[PDB]
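Chemist: This is the structure I have questions about; it appears just below.
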Amino acid sequence: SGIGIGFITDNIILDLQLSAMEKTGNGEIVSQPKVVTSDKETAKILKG
Amino acid sequence: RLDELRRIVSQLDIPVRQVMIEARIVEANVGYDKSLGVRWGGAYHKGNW
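In order, the protein sequence lines correspond to chains A and B.
Each position in the first sequence, counted from 1, maps to that position plus 2 in the working numbering.
Each position in the second sequence, counted from 1, maps to that position plus 231 in the working numbering.
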């Protein structure tokens, strides 16, 4: 990815490279489960 | 006692109520994925990203 190359050879061999990586990742997850349950009872929703 | 028990018998000998339960599952999944790899490579002057 990120590279800058400079090369001389005849007078001197000088190779100068700058290697840079910039990475940006944004992840948004919105999951909403709805369960209908009787009063004072256990109920479950499972997805997976 | 016979008659009273008979009346209870008449009430009790009632068909239990069956119900047909139809539950429908609806799943919709929509997926859009785009990826871009951009490459600028030159070996002539050694510039390659």
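For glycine and all other residues, C-beta sits at the position ideal for the given N, C-alpha and C.
1) Could you check what DSSP says for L18(A) in three-state terms: helix, strand or coil?
2) With a threshold of 7 Å between beta-carbons, can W280(B) be considered close to chain A, or not?
3) Under 8 Å Cβ-Cβ, which residues of chain B neighbour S3(A)?
4) So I5(A) packs on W280(B), CB below 8 Å; how close in whole Å?
5) Just the Cα atoms here: how many angstroms apart are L267(B) and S21(A)?
6) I7(A) CB to nearest chain B CB: under 7 Å?
Modeler: So, from the listed chains and residues:
1) strand
2) Yes, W280(B) counts as interfacial toward chain A.
3) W280
4) 6 Å
5) Each residue's Cα considered, the two are about 21 Å apart.
6) Under the 7 Å criterion on CB atoms, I7(A) is classed as interfacial with respect to chain B.
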